[PDB]
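The next block holds one structure in the form of structure tokens; read it before the comments.
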Amino acid sequence: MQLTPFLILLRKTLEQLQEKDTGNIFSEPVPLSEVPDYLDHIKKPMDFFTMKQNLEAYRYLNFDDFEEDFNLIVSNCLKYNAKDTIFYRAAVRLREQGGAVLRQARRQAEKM
Ligand SMILES: CC(=O)c1c[nH]c2ccccc12
């Protein structure tokens, strides 16, 4: 299995996931200056910009590596934000719509 086609696939998949986050609330790290209690609750922050950096640093070499960080984006947001917020429901929506993107992309990776 070759590295370059796999990274091309992950780049495309990341772009498709970012397209689902229409408010761009997951595009960059949660601003810790605005939420000093965030790290009291969240052990490993994650966001799409950090994922892009990890991808280009060759830190994702299987689909699980990539999907685990996506799941952190979702789970951190569900954990930190109250159920009655836009942010919480945006993580639900991203889990649902992004899971579909991920299933098709993992299938492409399995074809490699
Ligand atoms: C994705 C997320 O939880 C957040 C994204 N931006 C934020 C700002 C304040 C509190 C939380 C957030």
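Start at 1 with the first residue, then count along the sequence. One-based numbering, in listed order, for ligands and for the atoms of each. Computed from heavy atoms alone, side chains included, the values below leave out hydrogens, waters and symmetry copies.
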Between the side chain of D69 and the main-chain N/O of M51, is any donor-acceptor distance below 3.5 Å?
no
Among non-hydrogen protein atoms, atom 2 (C) of ligand 1 lies closest to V30 CG2, 3.6 Å
So for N81 against ligand 1, with non-hydrogen atoms under 4.0 Å, the contacting part is side chain
Minimal heavy-atom distance between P45 and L39, with the atoms involved, is CG-CD2, 3.6 Å
Quick test of your reading of the structure: of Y80, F87, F26, whose heavy atom lies closest to atom 12 (C) of ligand 1?
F87
Just wondering, are more than 12 heavy atoms of other shown residues or ligands nearer than 6.0 Å to CD in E56?
yes
In this structure, are over 12 heavy atoms from other groups packed under 6.0 Å from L32 atom CG?
yes
What are the atoms of ligand 1, with element, lying closer than 4.0 Å to any heavy atom of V35?
9 (C), 10 (C)
Between the main-chain N or O of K44 and the side-chain N or O of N76, is there a donor-acceptor pair closer than 3.5 Å?
yes
Atoms of ligand 1 close to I25 [distance to a heavy atom under 4.0 angstrom, numbered from 1]:
1 (C), 5 (C)
